Structure formats: C-alpha cells, structure tokens
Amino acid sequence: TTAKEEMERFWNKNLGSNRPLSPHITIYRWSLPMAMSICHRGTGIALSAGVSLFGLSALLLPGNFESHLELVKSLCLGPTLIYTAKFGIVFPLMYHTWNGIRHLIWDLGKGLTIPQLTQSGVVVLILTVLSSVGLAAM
C-alpha cells in the first residue's frame, strides 16, 4: 500500500464511522504567542474590511470626500469621542504593522525560540499601545 492509498482509506474509515473528534480549541491551553497569532489574522481581516468599505463607498455613495466630513461634523464632534474613534481605527492597524515586522523577522529565520517569542511578543504589545496613543493625538 502507498502513502496516498493509506490516506484514502483513513478518511473512508472514519467519516463512515461513529468515532467522535477529540476537542481542540475547547480544551487547549491558551498562550501569549498563540493569542497574538489569531489577533494578527483578526486585525488583517478588519483592515481589509476597512479598505474595501472605503473603496466601494467611493463608487456607490454620492458626493465627494470633503462633503462627507461635513456629515461627521454635523453630529456633534465630541472631544473625547473623536479621540476614541481615532484610537479604535489606529489600534488594529498599529498592532498588525508591528506584528508584521515580527512575522517578517521570523521569515528570515531569526528569533524563533519560546523565550524569544515571549520577549518579542511583549515588545509588540508595548509598541502598539504607544504608537496608538501617539498617533491618535496629532
């Protein structure tokens, strides 16, 4: 029997059976490097949803951008509430940017031990907060 023939029999045996799958996410112990990975996918998906909404609205909504900002000004521009809007827009972008560098350092082969993942992981978190607070006020 070949390797390909074996895998074909593995799936035919189990799918046609009453064997239950062992729990995975439900039971697995969450770690910082692990939690930070899903966040990179989350922030990636959120940002693409941002860019796509911004592009499609340039094609589907009437009026120019200058006039669209007057609509934002129309609903009372709260001082604290405008900072929170800027923070909540920059927060996912800054996380993904800083973590992207960490992902790009990895692809070069560097910094791939568990101690290093914790260190570099924390350094991203600290850089995210600071650059998110720093840019939101400019």
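Take the two forms, superpose them, and find the largest set of C-alpha atoms that agree within 1.5 Å; that set is the rigid core. In case it trips you up, residue 1 is the first one in the sequence shown, and so on.
In terms of root mean square C-alpha deviation after superposing on the rigid core in 5 other deposited structures of this protein, the stretch standing farther out between 91 to 99 and 70 to 78 is 70 to 78. The deposited model assigns a higher average Cα B-factor to 56 to 64 than to the other stretch when 98 to 106 and 56 to 64 are compared. Look at the mean CA B-factor for 38 to 46 and for 83 to 91 in the entry; the higher one is 83 to 91. In the deposited entry, the Cα temperature factor of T26 sits in the middle third of values across the chain's modelled residues. The entry lists a Cα temperature factor for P115 that places it in the middle third of the chain's modelled residues.
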